[PDB]
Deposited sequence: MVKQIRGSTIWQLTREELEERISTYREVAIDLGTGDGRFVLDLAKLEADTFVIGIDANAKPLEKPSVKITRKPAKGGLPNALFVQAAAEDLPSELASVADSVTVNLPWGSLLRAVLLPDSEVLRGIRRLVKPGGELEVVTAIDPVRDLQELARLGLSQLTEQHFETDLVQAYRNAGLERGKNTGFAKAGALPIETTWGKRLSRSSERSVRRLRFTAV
């Protein structure tokens, strides 16, 4: 089932319950590796007709955001937001085909490895979240010259510009994700130096 984060507890959500809750919304967005969930709080506030789901393997930083969104609207609550505990390697089947848009913003650790190497098992799982014709956007600011040791630690020692035009594109394509050619929540987390290293990768679910 879907592990909904409700403060410092989990509530199990069935597919039926999830479908009824998203059923009145024009679009569904999933933020994978949401971290503290700020992207979800910002997007749900900005887009009342979008249902926004933030997913992270670590629920602890989402305990308080998940309380904040439950308040009545005049106290800042967001009935179009939801936080879920899950790892990208083991996403719940109840989320299959739910999302018009999936974002992976400034991933770290295993999720950064998964989207840049990439790890095809994680790519297939991300693809399964997306409705046919929906979109995935991966945003990273890791710098090949400043972050050499972090890249090595993550198994990303072989990243080159040619990788992003060939092997990576083909791996995403084989997983059903076809490639498509800063005042955002994630842009506000970047130092000036990191801003020059931003790479945005966009794909359509096919």
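Going by the record, the unmodelled stretch of the deposited sequence is 182-192, and nothing else is missing.
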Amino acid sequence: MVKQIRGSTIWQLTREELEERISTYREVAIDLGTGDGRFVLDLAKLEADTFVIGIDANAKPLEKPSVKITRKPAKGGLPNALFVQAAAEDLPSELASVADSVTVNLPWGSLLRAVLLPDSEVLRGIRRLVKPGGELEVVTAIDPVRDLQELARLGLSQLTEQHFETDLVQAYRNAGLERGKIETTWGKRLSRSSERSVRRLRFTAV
From here on, numbers count along this sequence of modelled residues.
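Higher mean CA temperature factor between 190-198 and 19-27: 190-198, per the PDB entry.
Checked against the record, the higher mean CA B factor of 140-148 and 54-62 lies with 140-148. Highest C-alpha temperature factor among 73, 107, 134, 92 per the entry: 92.
In this entry, the residue among 67, 159, 44, 32 with the greatest C-alpha B factor is 159. Residue 78: CA B factor lies in the lowest third for its chain, per the PDB record. Looking at the C-alpha B-factors along this chain, the one for residue 87 belongs to the highest third. Ranked by C-alpha B-factor against the other modelled residues of its chain, residue 173 falls in the middle third. Per-chain ranking of the deposited C-alpha B factor places residue 49 in the middle third. In this PDB entry, residue 1 carries a Cα temperature factor that places it within the highest third of its chain's modelled residues.
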